[PDB]
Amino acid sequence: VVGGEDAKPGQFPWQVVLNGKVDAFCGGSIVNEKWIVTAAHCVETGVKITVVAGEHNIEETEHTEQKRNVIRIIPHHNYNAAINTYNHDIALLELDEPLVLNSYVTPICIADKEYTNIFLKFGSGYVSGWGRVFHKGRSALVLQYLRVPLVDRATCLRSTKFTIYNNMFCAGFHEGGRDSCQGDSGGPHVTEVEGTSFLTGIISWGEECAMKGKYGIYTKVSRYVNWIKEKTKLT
């Protein structure tokens, strides 16, 4: 996250970090004690991944961290149906052993399709992660967060040569300087509703980071909530 601020411990207790052949390569959010939602482009390979919930400072010990192994990965079935479009950039990770919920390890709420879209259109959401704190720069030690404005569809279409699908939205500032970035993918875009946070997007892609005239591109979670709820059932 470029141009953000340090989170306090427990401020985003649904946030997780993913570790594997690279440290802190992506984020995710807790759906429930057995399931994480992230970006499909973080987990394309099937190579071994671990999840750390209750993380704050990735070079220190807080004694709040819960480490789990990933035993199943479900990319959305239409991800990579087309090449390099980043459409349907969303995936679910099943954990080997349940997380123990507490003040540092808490799920994000997920509304139905209608209300997730209503919450997005409120027009102000928070993104968080341990990704780069400058374009082409170092990753964060302390979890970062940033409020980003929703950007109108026409403006976003004009900002880029890419296609912005219906399954995506754009968020960020007209003057640049503040954005999600490499390493943040898979983490949450969330909307606070009377003190209760709801998942409204997945950090997905962009062109460099924080450049004026560019916006962060996010997976629109409203279009995927039925699939998330179907696949993450506990019994």
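When you see a residue number, it is the position in the sequence shown, counting from 1.
Per the entry, higher mean C-alpha B factor between 7-15 and 216-224:
Per the deposited B-factors, the answer is 7-15.
- Message: Test of understanding: from the entry's C-alpha B-factors, which stretch has the higher mean, 24-32 or 176-184?
- Response: Comparing 24-32 with 176-184, the higher mean C-alpha B-factor belongs to 176-184.
**Prompt:** Looking at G201, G195, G206, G54, which has the highest Cα B-factor in the entry?
**Reply:** The listed residue with the largest C-alpha B-factor is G195.
*Using the temperature factors in the entry, find which of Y79, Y145, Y165, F122 has the highest value at its Cα atom.*
Comparing C-alpha B-factors across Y79, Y145, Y165, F122, the top value belongs to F122.
Considering only modelled residues of the same chain, in which third does the CA B-factor of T45 rank: lowest, middle or highest? According to the entry, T45 has a C-alpha B-factor in the chain's highest third.
Worksheet item: What third of its chain, lowest, middle or highest, does the C-alpha temperature factor of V70 fall into?
Response: Tercile = middle for this residue's CA B-factor.
Using the B-factor values recorded in the entry, state whether the Cα atom of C156 falls in the lowest, middle or highest third among the modelled residues of its chain.
Highest third - that is where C156 ends up once the chain's C-alpha B-factors are sorted.
Just say lowest, middle or highest third for the CA B-factor of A210 relative to the other modelled residues in its chain. As the PDB entry reports it, the C-alpha B-factor of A210 lands in the highest third of its chain.
Position of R132 among the chain's modelled residues by C-alpha B-factor, lowest, middle or highest third = Ranked within chain, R132 CA B lands in the middle tercile.
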